[PDB]
């Protein structure tokens, strides 16, 4: 296990506002947000960004201001000795149209990643999160699109780590679930990387339907149980995994489940390469059960007492 960190939510929000206005509709993290999480022994920030804010026109130039904001985030992270996953937080859609449609051909997705790959070419602090939670594109069509963007990235010469999701919201628990017979288990088995530096990105929540709608957890072992088949799939297919989103509320059962799931990943580090908690960021409401942003006094949230020592075992 190399990477342990947190999602800093803020730049992806209020997606109806295109372009939206910085510091009103959305925000990037302050420099001291990185220092806080580094002080808690995390070495990674996953940074959700909106495709349409970064690239307002298909095949067009990256927006200068949005690109500079991401460059600042990377610089801020480096100052705290952290990595940044640039997460194109788009559900495989561009202005609401799914990649592979006539409106948004694969070429449109390729062009985004060509430009991002060039902008951050082989910068070892920067990790490429291809797409957040593809879901209304079937797994085989998604794998073809993902493969095209991987190939495009490598053709730039960029040597960065790439995180490759499946479709069906890339749930670890649903890796064998089907859309007209097609599954991530089949579709993602044939993924290749010309430079062989990637991991399969999975998400996992511990509430009733794994949607992360509720702060409660089903059981003290439900995390481990929902990672198990995905873990053996990774092992059989000679692939590595990154748990790029997971979260649990502040309950006794959730605490046992969280601890167990984090321990399980370190015990299976032949395939598990990293994780990043969902979420922190300055604009989460007080009721948000997974929020690990420190409070107005700078005090740690409850779940950090588990996340921090687990991160330390990874990063120290």
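Residue numbers count along the first chain shown, from 1.
When 76-84 is weighed against 232-240, 232-240 comes out higher, by mean CA B-factor as recorded in the entry. In this entry, 200-208 has the higher mean Cα B-factor, the comparison being between 200-208 and 126-134. Based on the entry's C-alpha B-factors, the most elevated value among 287, 38, 69, 49 belongs to 287.
Taking only the listed residues 151, 245, 225, 111, the entry reports the highest CA temperature factor at 225. The deposited CA B-factor of residue 283 belongs to the highest third of values across its chain. In this PDB entry, the Cα temperature factor of residue 34 sits in the middle third of its chain's modelled residues. Ranked by C-alpha B-factor against the other modelled residues of its chain, residue 165 falls in the lowest third.
When all modelled residues of the chain are sorted by CA temperature factor, residue 194 is found within the middle third. Residue 311 sits in the highest third of its chain by CA B factor, as recorded in the PDB entry.
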